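Let's start with one chain on its own, the form deposited in one PDB entry, as structure tokens.
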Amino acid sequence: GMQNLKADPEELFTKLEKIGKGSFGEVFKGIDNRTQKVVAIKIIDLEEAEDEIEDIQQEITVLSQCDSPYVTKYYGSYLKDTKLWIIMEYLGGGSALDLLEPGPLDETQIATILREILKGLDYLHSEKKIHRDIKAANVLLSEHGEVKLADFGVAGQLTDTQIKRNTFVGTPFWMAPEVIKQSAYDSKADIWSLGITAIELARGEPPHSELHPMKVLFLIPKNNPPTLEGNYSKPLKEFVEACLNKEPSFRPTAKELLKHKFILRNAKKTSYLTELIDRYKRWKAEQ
């Protein structure tokens, strides 16, 4: 259940303008009235909510159970009449997908973003959690370039009695073949999705992005795994290859990937990502 659900959010927080649509409700900027820090508030009407309720519950449960610099920080969930307010860390730098809009990333930027995603995955997987929707749109940055995982509605939790999941969830272009087949799978599914995300960060789009998502549901289990094509460093191509093995047990762990030559050679301080954030702000303004 939601044992630490709170009430009266406006005693503590001020709701400001809408930011965008979240996975299951609108996201607003807000203010923590005790610190004057900006927060994000995801609001969903439980009146209108129906099918999404299980995933709303899962998002809250996962947020509440994580305490990592690499996972969106959680303030709490508040009941306000028929609405639920989920109050979180404000991440104002844009998603990694947003930051791709003005043009290509360089390999330092790719390696830095991937390193931080990997730290997030290493944390989640150590907590027996599987994100299951890893993609650039669910990687959010702060204004100062910190990188955090977001969007936990379809996260899975392994336990002592259920050591694998089998639910068909995720976003088709990024889904591991064993998830599509609804085989028993685990955190190695996230490692496949990470490989697709690496291609996305390097090329701007995942493999098969031209095709109808339903078609990729047969293409992915049948086809050879994607490779990174183009003039990229050998370590980046090999990083992608390591992730995108059809056999999950042959994929490295997140911890192992943090030692990969591509990451060690190319990842730098996250603060340098502010360059990318400024590029996006300029681009959105010139638009």
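The term rigid core refers to the most C-alpha atoms you can superpose between the two forms while keeping them within 1.5 Å. Residue indices: 1-based, along the sequence shown.
Below, we turn to the form deposited in another entry, even though it does not appear here.
S.K.: Which residue, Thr253, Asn33, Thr227, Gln65, is displaced 2 Å or more at the Cα between the shown form and the other one after superposing the core?
M.R.: Result of the comparison: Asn33.
S.K.: Return yes or no for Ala49: a CA shift of at least 2 Å between the shown form and the other one, with the rigid core superposed?
M.R.: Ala49 C-alpha, core-superposed: shift of 2 Å or more.
S.K.: On a core-based superposition, does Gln182 travel 2 Å or more at its Cα between the shown form and the other one?
M.R.: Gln182 C-alpha, core-superposed: shift of less than 2 Å.
S.K.: Using the rigid core as the reference frame, would you say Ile263 shifts its C-alpha by 2 Å or more between the shown form and the other one?
M.R.: The answer is no, as the C-alpha of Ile263 shifts between the shown form and the other one by less than 2 Å after core alignment.
S.K.: With a change of at least 3 Å, which way does the C-alpha separation between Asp133 and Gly20 go in the other entry: closer or farther?
M.R.: It is closer: the C-alpha separation of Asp133 and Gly20 falls by at least 3 Å in the other entry.
S.K.: So the Cα-Cα distance between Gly20 and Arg132 shifts by 3 Å or more in the other entry; is it shorter or longer than what we see here?
M.R.: Closer is correct, given that in the other entry the C-alpha spacing of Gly20 to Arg132 is reduced by at least 3 Å.
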